[PDB]
Amino acid sequence: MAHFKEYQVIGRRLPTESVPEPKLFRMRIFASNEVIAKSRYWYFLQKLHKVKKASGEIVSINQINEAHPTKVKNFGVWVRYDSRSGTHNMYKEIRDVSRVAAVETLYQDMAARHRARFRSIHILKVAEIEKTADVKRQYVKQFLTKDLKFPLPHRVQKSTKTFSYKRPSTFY
Amino acid sequence: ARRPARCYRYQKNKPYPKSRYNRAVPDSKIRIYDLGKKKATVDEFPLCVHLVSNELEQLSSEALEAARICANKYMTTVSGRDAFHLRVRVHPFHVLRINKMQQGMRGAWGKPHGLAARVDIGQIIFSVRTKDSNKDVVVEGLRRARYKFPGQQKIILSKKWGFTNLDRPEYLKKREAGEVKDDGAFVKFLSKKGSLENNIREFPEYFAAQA
Amino acid sequence: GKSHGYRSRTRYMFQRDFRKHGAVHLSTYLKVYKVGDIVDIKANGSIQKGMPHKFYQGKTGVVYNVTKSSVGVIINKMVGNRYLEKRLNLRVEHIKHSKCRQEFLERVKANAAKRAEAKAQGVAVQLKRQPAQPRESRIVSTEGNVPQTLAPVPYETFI
Amino acid sequence: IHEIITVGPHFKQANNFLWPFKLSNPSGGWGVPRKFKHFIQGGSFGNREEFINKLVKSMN
Amino acid sequence: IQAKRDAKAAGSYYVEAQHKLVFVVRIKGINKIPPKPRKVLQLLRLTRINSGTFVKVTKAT
Amino acid sequence: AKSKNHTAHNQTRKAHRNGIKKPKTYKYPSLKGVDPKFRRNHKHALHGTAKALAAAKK
RNA sequence: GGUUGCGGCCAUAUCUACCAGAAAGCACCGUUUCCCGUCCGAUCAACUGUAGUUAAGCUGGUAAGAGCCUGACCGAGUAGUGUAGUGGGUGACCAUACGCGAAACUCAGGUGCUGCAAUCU
RNA sequence: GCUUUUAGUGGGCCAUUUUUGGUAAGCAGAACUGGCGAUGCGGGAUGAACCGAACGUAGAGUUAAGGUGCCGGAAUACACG
């Protein structure tokens with residue numbers, strides 16, 4: 001949807017005489033800003049409890065940062081998405097540097113591989129894999145080998161002019 | 001003389017059944033709806049497989065008859081006559097019309113043409129209760145049904161115990177307790193409400209301590 | 001041909017409200033309607049005399065003429081680009097008082113009392129109504145109420 | 001301004017005194033390709049809560 | 001700010017007060033408007049595109 | 001030579017050009033159709049209290 | 001508190017099967033001259049409260065009672081539905097955004113309340 | 001708020017949603033709203049109705065819908081597939 005932020009939203013139903021201090025549910029929401037995050041909070045909390053935006057109240061809305069934003073992590077993501085003729089559960093694995101960054105390439109991947117837009121995807125659980133050999137997918141196992149090296153063949157240089165005068169070279 | 005089914009694929013009209021105003025409908029092509037071993041008990045066939053609709057449409061009675069014939073034929077020739085119970089879960093009550101034709105659209109109200117079961121998205125059409133080990137056979141027996149129906153269907157394994165509405169573990173819990181009593185092709189359950197005098201008349205096997 | 005009789009299209013309107021059929025109760029005949037009373041029109045199906053037209057079912061007007069077994073009710077009718085005033089001589093079985101004027105006359109006694117109580121105690125009465133004002137700031141405690149983290153649910157069939 | 005922001009006992013008269021603000025189009029653009037869906041769906045209309053300032057200071 | 005921080009210190013959550021005032025900008029032009037929003041937009045003094053007003057927040061607004 | 005039969009199109013836009021009007025209620029509405037036995041006496045109730053109020057300015 | 005007369009709301013009051021009812025009242029009950037009505041003093045009319053009785057009515061209680069009433073983050077914020085998009089899909093249709101929002105189901109509780117007058121261990 | 005007087009009109013059509021007959025139709029007929037007729041402008045190459053926006057004569061700025069390889073004003077932009 002954008003370059004994501006991760007917000008915890010805490011909300012409850014409004015207090016009545018019979019129930020003061022209600023039970024205070026909490027969700028971790030990936031959204032672009034705090035406006036969309038409080039919409040996605042009531043979108044899922046209406047899918048789990050008898051509440052809505054009118055019978056409830058947003059208690060706190062806080063942005064969560066990656067606790068180590070510069071450590072490369074292997075994230076296991078569980079997705080519930082809607083196809084053209086049904087709904088499915090998926091498990092994809094994403095190697096990136098933050099929970100923010102793994103979700104932003106999750107929506108780019110689900111829109112490319114399966115044509116799933118933001119309205120069709122319920123992210124169930126973004127969890128980080130701590131141990132190697134717990135990585136289940138082979139497109140992430142490629143980068144966990146000891147002493148990873150590879151070249152980037154066929155380097156194409158972007159030109160600042162409309163005419164080059166020598167020839168292009170494609171070495172690296 | 002019969003129009004192709006694409007003329008009547010969608011629910012374009014209001015439900016127009018056989019009533020005291022219609023009165024001049026043809027008979028339905030499908031007549032029976034329970035095939036296989038319908039005399040079987042509940043505990044004999046734990047696994048239930050559905051063939052669930054996925055489109056809001058109408059299925060003609062001719063199509064239900066052909067798919068019934070195809071599924072029963074395959075299931076009987078592969079796994080015997082009495083290893084399954086097939087129940088057709090739709091009944092074609094809606095009457096289709098036709099404007100059979102100097103006058104053009106003057107007086108264009110049509111005569112009854114046939115019957116159709118009006119089906120929604122997610123409505124099961126067939127349901128086959130069977131043994132667990134018969135499973136894939138029943139699966140293929142529903143898959144060959146899929147070719148006789150317009151629109152998209154999907155086979156779906158029920159999490160219930162045959163044709164009842166409780167889960168296989170929860171039916172197991174009521175079965176190892178006393179609360180299940182047998183019947184002809186179904187089962188009757190014990191209610192915690194009702195007259196306690198004749199709630200022990202039925203269900204004697206309850207009320208002691210255990211199984 | 002078309003049919004536009006006096007009681008056309010009234011199958012369910014003058015129906016008698018299941019398991020409340022039969023004769024009507026006697027507090028219908030004991031209400032006192034004064035000239036100026038605001039009434040609601042709900043046609044009793046079992047009294048065929050003095051019924052209103054089906055336009056006036058659910059319509060609310062004022063009483064202009066009070067006679068033996070009926071009252072005269074003034075209803076405005078929307079017709080064309082204007083409103084006309086309609087006079088209806090309806091029996092009292094097809095009528096009842098409005099409770100929305102019971103909102104008013106009880107709030108009149110409340111408003112007139114609060115003006116007198118504020119006049120003796122500290123005027124700045126402030127006796128208007130106000131809409132639903134937005135909520136105030138508050139502090140909600142997590143003591144005994146630690147927030148449970150709810151996640152979206154995977155897809156299951158369950159049929 | 002004090003009878004606007006703190007909404008006063010005389011908000012109605014002070015606000016009805018103010019002629020409606022003939023704002024311009026935004027100077028930075030709207031920030032969206034398509035205006036007419038919700039702000040939640042990536043458009044313009046609806047509750048844009050504190051970001052209304054980012055609108056109005058470019059439209060003012 | 002201090003009520004927020006002194007609720008965070010106390011093991012609580014200071015909710016803010018609900019906002020008492022909105023600013024509304026008419027975003028759509030004149031043509032093809034149904035009668036009910038057109039009547040409301042005449043009542044909120046928003047009779048042309050990119051015009052704005054302040055609105056006191058109650059349920060009736 | 002068939003044609004359109006009936007439509008209610010533009011009839012509400014027409015009715016709100018001149019802005020559909022209320023019937024302009026008055027103080028002292030007409031006693032037309034009011035019960036004549038009440039209405040006969042109300043002539044004498046009003047005439048007697050005019051004679052009695054003009055008697056206050058004798 | 002019981003009971004009667006007149007009621008109000010008209011099942012939380014109805015229905016089915018049993019158990020209890022001190023007092024008063026009510027009732028069943030005794031008689032057929034008169035007024036009165038009957039194929040028939042059974043209904044109805046009249047006479048006495050005398051010969052008898054709580055057996056029935058009536059009132060209350062019991063029942064994992066049927067029915068009905070109420071409530072619920074029970075089902076379910078489901079189905080449906082107002083508004084919106086140069087959203088998805090060949091279509092059938094379906095997601096999303098701002099809103100409103102059931103019914104069945106399930107569980108739990110309940111099983112008449114009250115006005116005016118009179119009377120009662 | 002009220003009144004008088006008079007013109008033209010009394011062939012309509014389309015779009016979203018609801019909806020009837022029909023296998024359907026650029027079909028026939030309804031309901032509510034918005035348009036076209038009666039209306040030019042920017043976009044959809046082109047088109048009565050769609051999208052955007054309604055118009056005195058001009059200048060500057062900003063945008064809408066739509067677009068930015070070239071025709072063609074404007075990134076042979078960046079990012080993941």
# chains A, B, ... in the order shown; residues from 1 in each chain; ligands from 1
>>> residues_around(residues="residue 45 of chain D", least_positions_apart="4", cutoff="10 Å", atoms="only C-alpha atoms (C1' of nucleotides)", output="PyMOL selection string")
(chain D and resi 35-41) or (chain E and resi 25-28) or (chain G and resi 84)
>>> select_by_dssp(residues="segment 73-117 of chain A", states="strand (DSSP E or B)", output="PyMOL selection string")
chain A and resi 73-82+87-96
>>> closest_atom_pairs(of="segment 3-39 of chain H", to="segment 6-9 of chain B", cutoff="12 Å", atoms="only C-alpha atoms (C1' of nucleotides)", output="JSON lines")
{"residue": "H:22", "atom": "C1'", "partner": "B:7", "partner_atom": "CA", "distance": 11.0}
{"residue": "H:23", "atom": "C1'", "partner": "B:7", "partner_atom": "CA", "distance": 5.0}
{"residue": "H:24", "atom": "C1'", "partner": "B:7", "partner_atom": "CA", "distance": 8.4}
>>> write_last_selection(atoms="C-alpha atoms (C1' of nucleotides)", output="PDB file, in the first residue's frame")
ATOM      1  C1'   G H  22     -38.580 -11.894 -23.364  1.00  0.00           C
ATOM      2  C1'   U H  23     -33.302 -16.854 -25.293  1.00  0.00           C
ATOM      3  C1'   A H  24     -31.667 -12.199 -26.032  1.00  0.00           C
TER       4        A H  24
END
>>> closest_residue(among="B:178, B:101, B:54, B:157", to="chain A", atoms="only C-alpha atoms")
B:54
>>> atom_distance(atom1="atom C1' of residue 4 of chain G", atom2="atom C1' of residue 27 of chain G")
11.6 Å
>>> interface_residues(of="chain D", to="chain E", cutoff="9 Å", atoms="only C-alpha atoms", output="ChimeraX atom specification")
/D:4-7,11-12,15,18-25,35-36,44-45,49,52,56,59
>>> residues_around(residues="segment 45-51 of chain C", least_positions_apart="2", cutoff="6 Å", atoms="only C-alpha atoms (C1' of nucleotides)", output="MDAnalysis selection string")
chainID C and resid 14:16 90:91
>>> write_last_selection(atoms="N, CA, C and O atoms", output="compact mmCIF listing (two decimals), in the first residue's frame")
# COMPACT_ATOMS: atom_id res chain seq x y z
N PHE C 14 -54.32 -3.39 7.04
CA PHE C 14 -55.43 -3.54 7.97
C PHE C 14 -55.52 -4.94 8.55
O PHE C 14 -56.56 -5.29 9.12
N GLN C 15 -54.48 -5.74 8.40
CA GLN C 15 -54.36 -7.00 9.11
C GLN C 15 -54.29 -6.75 10.61
O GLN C 15 -53.90 -5.68 11.07
N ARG C 16 -54.64 -7.78 11.38
CA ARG C 16 -54.89 -7.58 12.79
C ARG C 16 -53.80 -8.12 13.70
O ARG C 16 -54.14 -8.58 14.80
N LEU C 90 -62.83 10.19 11.79
CA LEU C 90 -62.45 8.81 12.05
C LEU C 90 -62.87 8.40 13.45
O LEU C 90 -62.66 9.14 14.41
N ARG C 91 -63.40 7.18 13.55
CA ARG C 91 -63.77 6.63 14.84
C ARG C 91 -62.53 6.41 15.69
O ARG C 91 -61.41 6.27 15.18
>>> atom_distance(atom1="atom CA of residue 45 of chain A", atom2="atom CA of residue 148 of chain C")
12.1 Å
>>> closest_atom_pairs(of="chain E", to="chain G", cutoff="12 Å", atoms="only C-alpha atoms (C1' of nucleotides)", output="JSON lines")
{"residue": "E:34", "atom": "CA", "partner": "G:83", "partner_atom": "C1'", "distance": 10.7}
{"residue": "E:36", "atom": "CA", "partner": "G:83", "partner_atom": "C1'", "distance": 11.3}
{"residue": "E:37", "atom": "CA", "partner": "G:83", "partner_atom": "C1'", "distance": 10.3}
>>> decode(residues="segment 76-159 of chain B", atoms="C-alpha atoms", output="CSV table (one decimal), in the first residue's frame")
chain,number,residue,atom,x,y,z
B,76,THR,CA,-21.2,-48.5,-7.8
B,77,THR,CA,-18.9,-49.9,-10.5
B,78,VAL,CA,-15.8,-49.0,-8.5
B,79,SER,CA,-16.7,-49.6,-4.8
B,80,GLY,CA,-20.0,-51.6,-4.9
B,81,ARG,CA,-23.6,-50.6,-4.5
B,82,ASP,CA,-23.8,-50.2,-0.7
B,83,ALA,CA,-20.5,-48.6,0.3
B,84,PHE,CA,-21.8,-45.0,0.1
B,85,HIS,CA,-25.0,-43.0,0.5
B,86,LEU,CA,-25.6,-40.2,-2.0
B,87,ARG,CA,-28.1,-37.5,-1.2
B,88,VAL,CA,-29.0,-34.8,-3.7
B,89,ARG,CA,-29.3,-31.6,-1.6
B,90,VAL,CA,-31.2,-29.4,-4.2
B,91,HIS,CA,-34.7,-29.8,-5.3
B,92,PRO,CA,-35.8,-28.2,-8.7
B,93,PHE,CA,-38.9,-26.2,-7.6
B,94,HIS,CA,-38.5,-23.2,-9.9
B,95,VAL,CA,-40.5,-23.4,-13.2
B,96,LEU,CA,-38.8,-22.1,-16.3
B,97,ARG,CA,-40.8,-20.5,-19.1
B,98,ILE,CA,-40.6,-20.3,-22.9
B,99,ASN,CA,-42.2,-18.0,-25.5
B,100,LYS,CA,-42.8,-20.7,-28.1
B,101,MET,CA,-43.3,-19.0,-31.5
B,102,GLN,CA,-48.1,-13.2,-37.0
B,103,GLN,CA,-47.9,-11.6,-33.6
B,104,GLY,CA,-44.4,-10.8,-32.3
B,105,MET,CA,-43.9,-9.8,-28.7
B,106,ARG,CA,-47.6,-9.1,-28.3
B,107,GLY,CA,-48.7,-11.4,-25.6
B,108,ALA,CA,-45.2,-12.7,-25.0
B,109,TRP,CA,-45.9,-14.5,-21.7
B,110,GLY,CA,-44.4,-18.0,-22.0
B,111,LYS,CA,-45.6,-21.5,-21.3
B,112,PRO,CA,-43.8,-23.7,-18.8
B,113,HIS,CA,-40.7,-25.3,-20.2
B,114,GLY,CA,-38.9,-27.2,-17.5
B,115,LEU,CA,-37.6,-27.1,-13.9
B,116,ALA,CA,-34.5,-25.8,-12.3
B,117,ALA,CA,-33.0,-25.8,-8.8
B,118,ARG,CA,-32.0,-22.2,-7.9
B,119,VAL,CA,-28.6,-22.4,-6.2
B,120,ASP,CA,-26.6,-19.8,-4.3
B,121,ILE,CA,-22.8,-19.5,-3.8
B,122,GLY,CA,-21.7,-22.1,-1.3
B,123,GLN,CA,-24.8,-24.3,-1.5
B,124,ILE,CA,-24.0,-28.0,-1.5
B,125,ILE,CA,-25.5,-30.0,-4.4
B,126,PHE,CA,-24.5,-33.6,-3.7
B,127,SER,CA,-23.5,-35.1,-0.4
B,128,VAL,CA,-22.0,-38.6,-0.1
B,129,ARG,CA,-21.5,-40.1,3.3
B,130,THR,CA,-19.2,-43.1,3.1
B,131,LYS,CA,-16.3,-44.9,4.9
B,132,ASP,CA,-12.9,-43.3,5.3
B,133,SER,CA,-11.1,-45.9,3.1
B,134,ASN,CA,-13.6,-45.3,0.3
B,135,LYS,CA,-12.6,-41.6,0.3
B,136,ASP,CA,-10.9,-41.0,-3.0
B,137,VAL,CA,-13.4,-43.2,-4.9
B,138,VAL,CA,-16.2,-40.8,-3.7
B,139,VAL,CA,-13.9,-38.0,-4.7
B,140,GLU,CA,-13.7,-39.2,-8.3
B,141,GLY,CA,-17.4,-40.0,-8.2
B,142,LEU,CA,-18.1,-36.3,-7.5
B,143,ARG,CA,-15.5,-35.1,-10.0
B,144,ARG,CA,-17.3,-36.7,-12.9
B,145,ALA,CA,-20.4,-35.1,-11.7
B,146,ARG,CA,-18.8,-31.7,-12.2
B,147,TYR,CA,-18.9,-32.1,-16.0
B,148,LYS,CA,-22.6,-32.2,-16.0
B,149,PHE,CA,-23.1,-28.8,-14.3
B,150,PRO,CA,-22.8,-25.3,-15.6
B,151,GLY,CA,-20.5,-23.1,-13.6
B,152,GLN,CA,-17.8,-23.7,-11.1
B,153,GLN,CA,-18.1,-26.4,-8.4
B,154,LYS,CA,-15.7,-27.7,-5.8
B,155,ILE,CA,-15.5,-30.9,-3.8
B,156,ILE,CA,-15.1,-30.2,-0.1
B,157,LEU,CA,-14.5,-32.7,2.7
B,158,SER,CA,-16.9,-32.2,5.6
B,159,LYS,CA,-15.5,-32.0,9.1
